[PDB]
There are 2 protein chains.
Amino acid sequence: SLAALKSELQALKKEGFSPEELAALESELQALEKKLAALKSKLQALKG
Amino acid sequence: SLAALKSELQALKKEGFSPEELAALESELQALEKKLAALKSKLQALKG
């Protein structure tokens with residue numbers, strides 16, 4: 001789930017795992033959270 | 001959440017809500033699921 005992968009990334013960060021690469025993955029993950037918010041808004045627009 | 005939206009989109013599809021507009025949202029959500037899977041895969045590749 002987005003929440004699950006988010007936690008997993010946070011757990012690996014606490015271990016200093018591949019910092020630069022993990023930073024890229026975190027930003028990609030947040031992009032999906034933003035995309036999800038966008039879709040929710042598009043759906044609200046459709047209801048309206 | 002992604003699960004909450006996914007569920008709602010499926011229910012609106014059973015309800016016949018704005019079909020083409022909803023179908024586009026359904027596919028975008030699937031695209032987000034696929035991106036989420038790709039991130040999990042990229043993470044696993046990093047661990048190798």
# chains A, B, ... in the order shown; residues from 1 in each chain; ligands from 1
>>> closest_atom_pairs(of="chain B", to="chain A", cutoff="7 Å", atoms="only C-alpha atoms", output="JSON lines")
{"residue": "B:2", "atom": "CA", "partner": "A:36", "partner_atom": "CA", "distance": 6.6}
{"residue": "B:5", "atom": "CA", "partner": "A:40", "partner_atom": "CA", "distance": 6.9}
{"residue": "B:25", "atom": "CA", "partner": "A:39", "partner_atom": "CA", "distance": 6.7}
{"residue": "B:32", "atom": "CA", "partner": "A:32", "partner_atom": "CA", "distance": 6.4}
{"residue": "B:39", "atom": "CA", "partner": "A:25", "partner_atom": "CA", "distance": 6.8}
>>> calpha_fit_and_write(fixed="chain B", moving="chain A", output="compact mmCIF listing (two decimals) with C-alpha atoms, in the first residue's frame")
# COMPACT_ATOMS: atom_id res chain seq x y z
CA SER A 1 -5.20 4.99 0.23
CA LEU A 2 -5.02 3.31 -3.21
CA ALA A 3 -7.28 0.53 -1.88
CA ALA A 4 -9.76 3.07 -0.55
CA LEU A 5 -10.12 5.05 -3.73
CA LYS A 6 -10.35 1.79 -5.65
CA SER A 7 -13.37 0.76 -3.53
CA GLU A 8 -14.97 4.14 -3.87
CA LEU A 9 -14.64 4.01 -7.68
CA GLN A 10 -16.08 0.45 -7.67
CA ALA A 11 -19.03 1.71 -5.59
CA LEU A 12 -19.72 4.55 -8.05
CA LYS A 13 -19.47 2.19 -11.05
CA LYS A 14 -22.29 0.08 -9.48
CA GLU A 15 -24.36 3.25 -9.70
CA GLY A 16 -23.59 3.96 -13.40
CA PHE A 17 -21.84 7.24 -12.43
CA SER A 18 -20.08 9.22 -15.29
CA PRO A 19 -18.89 5.94 -16.97
CA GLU A 20 -16.36 7.34 -19.42
CA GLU A 21 -14.77 9.67 -16.90
CA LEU A 22 -14.72 6.96 -14.23
CA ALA A 23 -13.04 4.56 -16.63
CA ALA A 24 -10.24 7.20 -17.06
CA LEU A 25 -9.89 7.54 -13.28
CA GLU A 26 -9.76 3.74 -12.83
CA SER A 27 -6.98 3.48 -15.36
CA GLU A 28 -5.12 6.39 -13.69
CA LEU A 29 -5.56 4.55 -10.35
CA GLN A 30 -4.19 1.31 -11.79
CA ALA A 31 -1.23 3.35 -13.18
CA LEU A 32 -0.44 4.29 -9.52
CA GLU A 33 -0.74 0.62 -8.47
CA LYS A 34 1.77 -0.24 -11.23
CA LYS A 35 4.00 2.64 -10.18
CA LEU A 36 3.89 1.34 -6.59
CA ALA A 37 4.90 -2.17 -7.75
CA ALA A 38 7.78 -0.54 -9.72
CA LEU A 39 9.05 1.29 -6.62
CA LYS A 40 8.90 -1.88 -4.55
CA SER A 41 11.00 -3.64 -7.21
CA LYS A 42 13.49 -0.71 -7.33
CA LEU A 43 13.80 -0.94 -3.56
CA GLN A 44 14.43 -4.74 -3.80
CA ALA A 45 17.09 -4.02 -6.41
CA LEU A 46 18.75 -1.57 -3.94
CA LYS A 47 18.78 -4.18 -1.20
CA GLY A 48 20.49 -6.51 -3.68
